[PDB]
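Enquirer: Take 6 as the starting number for the sequence shown in our numbering and just add one per residue.
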Amino acid sequence: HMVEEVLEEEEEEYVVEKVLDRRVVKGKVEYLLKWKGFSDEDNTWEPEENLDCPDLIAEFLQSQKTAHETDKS
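1) Any idea what DSSP makes of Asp57, helix, strand or coil?
2) Quick test of your reading: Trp40 and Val21, contact by CB under 8 Å. State the CB separation rounded to the nearest angstrom.
3) Provide the residue span of the beta strand (DSSP E) that contains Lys23, from first to last.
4) CA-CA distance, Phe43 and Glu35?
5) For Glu64, name the three-state secondary structure that DSSP assigns.
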């Protein structure tokens, strides 16, 4: 922890590994993705009106229909 009057940015930058789930509060939609570069699973919730990953959002919201019932085994 560095104490000073010139440090607001949380960290350099985080990366997204994929989407694990999601949850709405009542007006906005949040998404819990797996952010790599922390400890192992520091997923975080973000607003879909700012994030930029419509591939995992529209790819994970369809799995609920049927995807784990098959799998590649």
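Backbone N, C-alpha and C fix where the C-beta goes; we use that ideal spot for every residue, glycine too.
Expert: This is what the structure holds:
1) Position 52 of the sequence shown, counted from the start, is the residue given in the question as residue 57. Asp57 falls in the coil class under three-state DSSP.
2) By one-based count along the sequence shown, residue 40 stands at place 35. By one-based count along the sequence shown, residue 21 stands at place 16. Correct: roughly 6 Å between the Cβ atoms.
3) Here residue 23 refers to the residue found at position 18 of the sequence shown. Element bounds for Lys23: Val20 to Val29.
4) One-based indexing of the sequence shown puts residue 43 at position 38. One-based indexing of the sequence shown puts residue 35 at position 30. Each residue's alpha carbon lies about 20 Å from the other.
5) Within the sequence shown, numbered from 1, the residue matching residue 64 stands at position 59. Correct three-state label for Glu64: helix.
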